[PDB]
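Chemist: Take this structure first; my questions come after.
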Amino acid sequence: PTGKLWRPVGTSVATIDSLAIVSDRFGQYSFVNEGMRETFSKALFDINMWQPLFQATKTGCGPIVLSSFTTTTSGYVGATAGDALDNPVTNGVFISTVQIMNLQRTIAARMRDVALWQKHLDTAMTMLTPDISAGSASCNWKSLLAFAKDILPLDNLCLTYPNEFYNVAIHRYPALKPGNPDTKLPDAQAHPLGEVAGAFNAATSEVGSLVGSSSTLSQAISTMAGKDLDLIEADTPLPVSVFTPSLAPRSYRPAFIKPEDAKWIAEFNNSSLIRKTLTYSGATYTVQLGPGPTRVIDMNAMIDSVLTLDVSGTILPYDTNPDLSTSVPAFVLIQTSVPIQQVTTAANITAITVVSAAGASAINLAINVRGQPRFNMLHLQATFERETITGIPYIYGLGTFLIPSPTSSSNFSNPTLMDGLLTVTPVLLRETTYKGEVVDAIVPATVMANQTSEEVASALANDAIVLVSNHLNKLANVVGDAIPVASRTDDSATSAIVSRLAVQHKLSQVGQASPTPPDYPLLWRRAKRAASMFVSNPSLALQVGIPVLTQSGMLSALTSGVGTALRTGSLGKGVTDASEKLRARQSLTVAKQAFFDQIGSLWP
Amino acid sequence: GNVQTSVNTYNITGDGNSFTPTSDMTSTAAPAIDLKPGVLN
Ligand SMILES: *C(=O)CCCCCCCCCCCCC
């Protein structure tokens, strides 16, 4: 049973309506199921432990028995009259609301009390590493004590109550074994209150540490089910939400990104220059679109973000072409009639809006750093919005210069300030971008081995690629973490892949002389580096031309392997290299024993 | 370390005590008590 206890308000006959939460002057009795007593007992148990320090310091008020907050009522206990009717409990143990209040504020008040002392006990305890993980190692008690008698700073609490803290301590450190009163010798065994827990944390030499290897697994299992690593290369529309894209604002360096390497950025590849004009704040400036191609951020295929083009440390040659100086650098949109990459001359450019200029010309924004005047780090920045560009077939964001007077000097300059580190930040997660279009769902499998070397590094913050990369990255840490894809152990991961290579290379051999019986020693090893190359750089699985990894099978395969692989690790997964791991722990205890030996001499 | 006597069953400077870690019993109280909503009830 569970929930609050109910009782037949109509008396005797208890039906699915003659019940009612048995409330009263104390609040409502909620049932205390077996396991929920484990907690409140485990919590109180950790407080009772500090008994010797509560009396010493006259705080506290006696040991806290959980049997002081409960009661022994009886009735039907459920979550609702209907279902509570199927849990007739007699003399169960319930805790009334007003009690659920004290057991709370008591464990809270006492928790402070101890939390404090417990902190002093520690700066003194750990102040001599009472924990080794291979074999033993003593340190003659006299010295030890006479030593901490020093180190411990005058405001601890282990100097005001030595054997009032010691008695608390003995129950937390199975290192300190108190000398028995009637034989005046230790005990071999150490009996700290955490008897079992402390036994099951020792780094057992057979397998690393059960508490470790156990969690590193349940931890990975969490992720595997959580983010949705499963279904990682699913071939079908998936809401961007399914990718929980967060804290995702990637930055670049356009005016370098080739147009074909990333759809969201077209260029004005035209013969001559395209000097246009525009009255901005009265003054008339001339946008240039200089000698080179001047790659500009396209506006369509640009998920309403927060574009913030930073222009700093980048050269600013106002020294040579004086034409450049005087011009306030500024991010400006450019609506063109004919599609760009077909826009020849000025009459082609519909209009030009200065979405964000920089007050003060190019001769105050400068700063000489050895001849080559740089740009005082400043951030121009628009706030592009999907629909503010409705209809408008062609429009481009360009972080240019806005020259107040074009001249012969700036005839080979080309004032694109795009060489600066631009940082787009998708401000509306629901919508992603792929191959130049804005969508609401991705098709994972499509984005695999479909980008090129740099059609990946040139991805646009929160676009399929960047999403089908953030995803693999989780799955990449589950294998990297739990599975042993980094040793000659032909693990579950590199194993799922090997079975694909076989089934694959086996049918490609079917029909024709079949002169080559499948290899296997070579297949195991080829798939080992395939699974390994993945854990290594999760990204690669997106680039066209990557051995194994990019065939449709793998990944879809890998994950579902790694999947079941985590759901069976056992507990002693740590047996892997638990030999050198062990031998390394003995190595430490031998060096730490060496320490105790000095504590033992210096302070005799 | 001044002698106490009864407050607690053990004297610190008491006869034949012994600091001596054993890789076998890693000292530990109770920190990870579960209280999260679903798990506490
Ligand atoms: C008398 O108090 C002399 C000092 C000896 C003990 C003071 C505290 C240092 C040793 C701690 C023992 C309890 C757990 C560390």
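Going through the structure tokens in order, the chains are called A, B, and so on, while each chain numbers its residues from 1 and the ligands are numbered from 1 in the order shown.
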Around ligand 1, at most 6 Å away and counting only C-alpha atoms and all ligand atoms, which residues are there? Put them as a PyMOL selection string, please.
Modeler: (chain A and resi 121+124-125+145+148-149+158-159+162+165-166+169) or (chain B and resi 1-2)
Chemist: How about saving the chosen residues, N, CA, C and O atoms kept, as a short mmCIF file (atom, residue, chain, number, x, y, z; two decimals), in the first residue's frame?
Modeler:
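The result, stored in selection09.cif:
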data_model
loop_
_atom_site.label_atom_id
_atom_site.label_comp_id
_atom_site.auth_asym_id
_atom_site.auth_seq_id
_atom_site.Cartn_x
_atom_site.Cartn_y
_atom_site.Cartn_z
N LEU A 121 35.44 17.39 12.13
CA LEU A 121 35.94 16.02 12.25
C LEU A 121 36.69 15.71 10.99
O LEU A 121 37.73 15.06 11.03
N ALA A 124 40.18 17.21 9.91
CA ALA A 124 41.17 16.52 10.73
C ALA A 124 41.35 15.09 10.27
O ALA A 124 42.46 14.56 10.25
N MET A 125 40.25 14.44 9.89
CA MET A 125 40.31 13.06 9.44
C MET A 125 41.02 12.94 8.09
O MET A 125 42.10 12.36 7.99
N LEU A 145 48.50 11.17 16.51
CA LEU A 145 47.82 12.11 17.38
C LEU A 145 48.72 13.31 17.67
O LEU A 145 48.40 14.44 17.27
N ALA A 148 48.67 15.62 14.63
CA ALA A 148 47.50 16.44 14.37
C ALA A 148 47.32 17.45 15.50
O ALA A 148 46.64 18.47 15.32
N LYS A 149 47.91 17.16 16.67
CA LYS A 149 47.85 18.09 17.79
C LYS A 149 48.42 19.42 17.31
O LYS A 149 48.12 20.47 17.87
N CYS A 158 37.92 19.50 17.01
CA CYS A 158 38.57 18.17 17.28
C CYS A 158 39.68 18.32 18.32
O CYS A 158 40.32 17.35 18.75
N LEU A 159 39.90 19.57 18.73
CA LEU A 159 40.85 19.91 19.77
C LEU A 159 40.09 20.22 21.04
O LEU A 159 40.60 20.05 22.13
N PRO A 162 38.53 15.90 21.58
CA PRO A 162 39.34 14.73 21.10
C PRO A 162 38.65 13.35 21.12
O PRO A 162 38.46 12.71 20.08
N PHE A 165 34.83 13.35 19.67
CA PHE A 165 34.86 13.39 18.21
C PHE A 165 35.40 12.03 17.80
O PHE A 165 34.95 11.40 16.83
N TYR A 166 36.39 11.57 18.56
CA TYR A 166 37.01 10.27 18.30
C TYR A 166 35.93 9.17 18.26
O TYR A 166 35.95 8.31 17.38
N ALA A 169 33.98 9.54 15.25
CA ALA A 169 34.91 9.12 14.20
C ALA A 169 35.02 7.61 14.05
O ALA A 169 34.79 7.07 12.98
N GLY B 1 43.84 15.88 24.32
CA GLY B 1 43.71 14.45 24.52
C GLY B 1 43.51 14.11 25.98
O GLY B 1 43.49 12.94 26.37
N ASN B 2 43.35 15.13 26.79
CA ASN B 2 43.17 14.91 28.19
C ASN B 2 42.10 13.89 28.47
O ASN B 2 41.02 13.89 27.89
#
Chemist: For chain A, which residues have at least one atom within 7 Å of chain B, if we go by only C-alpha atoms? Write them as a JSON list (two decimals) with C-alpha atoms, in the first residue's frame, please.
Modeler:
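selection.json, freshly written:
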[["chain", "number", "residue", "atom", "x", "y", "z"],
["A", 36, "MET", "CA", 10.09, 4.74, 2.98],
["A", 39, "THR", "CA", 15.12, 6.33, 4.28],
["A", 46, "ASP", "CA", 23.30, 8.99, 10.37],
["A", 52, "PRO", "CA", 28.66, 11.53, 21.75],
["A", 130, "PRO", "CA", 42.54, 7.36, 6.31],
["A", 131, "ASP", "CA", 41.79, 5.58, 3.04],
["A", 132, "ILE", "CA", 44.01, 3.24, 1.04],
["A", 133, "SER", "CA", 42.83, 0.84, -1.70],
["A", 134, "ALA", "CA", 45.30, -2.08, -1.80],
["A", 135, "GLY", "CA", 46.60, -4.12, 1.14],
["A", 136, "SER", "CA", 46.93, -2.35, 4.49],
["A", 137, "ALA", "CA", 49.29, 0.17, 6.12],
["A", 138, "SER", "CA", 49.44, 1.43, 9.72],
["A", 139, "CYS", "CA", 50.91, 4.53, 11.40],
["A", 140, "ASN", "CA", 51.69, 4.23, 15.13],
["A", 141, "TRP", "CA", 48.83, 6.11, 16.85],
["A", 162, "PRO", "CA", 39.34, 14.73, 21.10],
["A", 163, "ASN", "CA", 37.59, 11.67, 22.46],
["A", 164, "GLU", "CA", 34.10, 13.09, 21.93],
["A", 166, "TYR", "CA", 37.01, 10.27, 18.30],
["A", 167, "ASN", "CA", 33.90, 8.20, 19.33],
["A", 172, "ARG", "CA", 32.96, 6.49, 10.20],
["A", 173, "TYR", "CA", 36.56, 5.45, 9.63],
["A", 174, "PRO", "CA", 37.27, 1.74, 9.78],
["A", 175, "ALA", "CA", 40.88, 2.94, 9.75],
["A", 176, "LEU", "CA", 40.82, 4.09, 13.43],
["A", 177, "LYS", "CA", 40.32, 0.90, 15.48],
["A", 178, "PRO", "CA", 39.92, 1.82, 19.17],
["A", 179, "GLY", "CA", 41.95, -0.23, 21.62],
["A", 184, "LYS", "CA", 44.27, -3.20, 25.90],
["A", 185, "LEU", "CA", 44.96, -4.28, 22.14],
["A", 186, "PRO", "CA", 43.19, -3.38, 18.75],
["A", 194, "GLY", "CA", 28.65, 1.70, 7.99],
["A", 198, "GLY", "CA", 32.05, 0.46, 3.68],
["A", 199, "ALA", "CA", 32.72, -3.20, 2.85],
["A", 201, "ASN", "CA", 33.12, 0.22, -1.60],
["A", 202, "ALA", "CA", 36.59, -1.08, -0.97],
["A", 203, "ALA", "CA", 38.32, -1.39, -4.33]]
Chemist: Any idea what's packed within 6 Å of range 453-468 of chain A, counting only C-alpha atoms, ignoring anything in its chain fewer than 3 positions away? Could you give it as a PyMOL selection string?
Modeler: chain A and resi 249-250+261-262+432-434+471+543
Chemist: Looking only at the backbone, which of the residues in chain B does DSSP tag as alpha helix (DSSP H), as number ranges by chain?
Modeler: B: 37-40
Chemist: For the residues in that selection, give me N, CA, C and O atoms as a PDB file, in the first residue's frame.
Modeler:
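The resulting result32.pdb:
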ATOM      1  N   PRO B  37      11.527  13.029  -5.326  1.00  0.00           N
ATOM      2  CA  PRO B  37      10.078  12.819  -5.397  1.00  0.00           C
ATOM      3  C   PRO B  37       9.605  11.401  -5.678  1.00  0.00           C
ATOM      4  O   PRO B  37       8.970  10.771  -4.838  1.00  0.00           O
ATOM      5  N   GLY B  38       9.911  10.908  -6.860  1.00  0.00           N
ATOM      6  CA  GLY B  38       9.468   9.573  -7.203  1.00  0.00           C
ATOM      7  C   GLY B  38      10.017   8.510  -6.256  1.00  0.00           C
ATOM      8  O   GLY B  38       9.292   7.606  -5.817  1.00  0.00           O
ATOM      9  N   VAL B  39      11.300   8.627  -5.921  1.00  0.00           N
ATOM     10  CA  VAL B  39      11.932   7.615  -5.086  1.00  0.00           C
ATOM     11  C   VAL B  39      11.615   7.681  -3.595  1.00  0.00           C
ATOM     12  O   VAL B  39      11.645   6.651  -2.931  1.00  0.00           O
ATOM     13  N   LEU B  40      11.311   8.841  -3.029  1.00  0.00           N
ATOM     14  CA  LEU B  40      10.955   8.903  -1.603  1.00  0.00           C
ATOM     15  C   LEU B  40       9.478   8.585  -1.420  1.00  0.00           C
ATOM     16  O   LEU B  40       9.022   8.264  -0.327  1.00  0.00           O
TER      17      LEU B  40
END
Chemist: For residue 368 in chain A, please output as a JSON list (two decimals) with C-alpha atoms, in the first residue's frame all residues within 12 Å (counting only C-alpha atoms; exclusion window: fewer than 2 positions along the same chain).
Modeler:
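The resulting selection.json:
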[["chain", "number", "residue", "atom", "x", "y", "z"],
["A", 313, "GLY", "CA", 41.91, 42.17, -34.08],
["A", 314, "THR", "CA", 41.21, 41.92, -37.78],
["A", 315, "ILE", "CA", 43.27, 44.22, -40.02],
["A", 316, "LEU", "CA", 41.99, 47.72, -40.85],
["A", 317, "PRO", "CA", 44.27, 49.24, -43.55],
["A", 318, "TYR", "CA", 43.07, 52.86, -43.32],
["A", 319, "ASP", "CA", 46.80, 53.59, -43.53],
["A", 363, "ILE", "CA", 40.10, 55.86, -37.27],
["A", 364, "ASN", "CA", 38.83, 55.54, -33.53],
["A", 365, "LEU", "CA", 37.93, 51.87, -33.87],
["A", 366, "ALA", "CA", 41.54, 51.31, -34.85],
["A", 370, "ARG", "CA", 52.94, 47.09, -34.86],
["A", 371, "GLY", "CA", 52.23, 49.10, -38.06],
["A", 372, "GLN", "CA", 49.05, 47.08, -39.05],
["A", 373, "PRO", "CA", 46.25, 48.91, -37.26],
["A", 374, "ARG", "CA", 43.68, 46.41, -35.90],
["A", 375, "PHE", "CA", 40.03, 46.70, -34.92],
["A", 376, "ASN", "CA", 39.17, 47.55, -31.31]]
Chemist: Would you work out the distance separating CA of residue 88 in chain A from CA of residue 5 in chain A, expressed in Å to one decimal?
Modeler: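 Atom-to-atom, CA of residue 88 in chain A to CA of residue 5 in chain A, that is 9.5 Å.
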Chemist: Could you give me, as a VMD selection string, each residue of range 270-408 of chain A that DSSP assigns to strand (DSSP E) when run on this structure's backbone?
Modeler: chain A and resid 278 to 279 284 to 285 295 to 298 308 to 311 330 to 335 351 to 357 378 to 379 395 to 400
Chemist: Taking C-alpha atoms for each residue, export the selection above as a CSV table (one decimal), in the first residue's frame.
Modeler:
chain,number,residue,atom,x,y,z
A,278,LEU,CA,22.2,54.8,-49.1
A,279,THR,CA,21.2,57.7,-46.9
A,284,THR,CA,25.3,59.3,-47.7
A,285,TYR,CA,27.5,56.2,-47.7
A,295,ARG,CA,30.6,36.1,-49.5
A,296,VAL,CA,27.4,37.4,-47.7
A,297,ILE,CA,25.1,35.6,-45.2
A,298,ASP,CA,22.0,34.7,-47.1
A,308,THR,CA,26.4,39.1,-33.9
A,309,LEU,CA,29.3,39.8,-36.2
A,310,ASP,CA,32.3,40.6,-34.1
A,311,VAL,CA,35.0,42.6,-35.9
A,330,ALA,CA,28.3,48.3,-40.2
A,331,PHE,CA,26.3,45.1,-40.7
A,332,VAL,CA,23.8,45.9,-43.5
A,333,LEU,CA,21.1,43.8,-45.3
A,334,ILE,CA,20.9,44.0,-49.1
A,335,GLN,CA,17.8,43.2,-51.0
A,351,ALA,CA,17.7,48.5,-51.5
A,352,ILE,CA,20.2,48.4,-48.6
A,353,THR,CA,19.3,48.8,-44.9
A,354,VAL,CA,21.9,49.5,-42.3
A,355,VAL,CA,20.6,47.1,-39.7
A,356,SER,CA,23.3,48.1,-37.3
A,357,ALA,CA,26.1,50.6,-37.8
A,378,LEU,CA,33.4,45.6,-31.1
A,379,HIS,CA,30.2,43.7,-31.9
A,395,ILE,CA,18.1,39.4,-49.4
A,396,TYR,CA,21.5,39.0,-47.8
A,397,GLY,CA,23.1,40.0,-44.6
A,398,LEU,CA,26.5,41.6,-45.2
A,399,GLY,CA,28.9,43.0,-42.6
A,400,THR,CA,30.5,45.6,-44.9
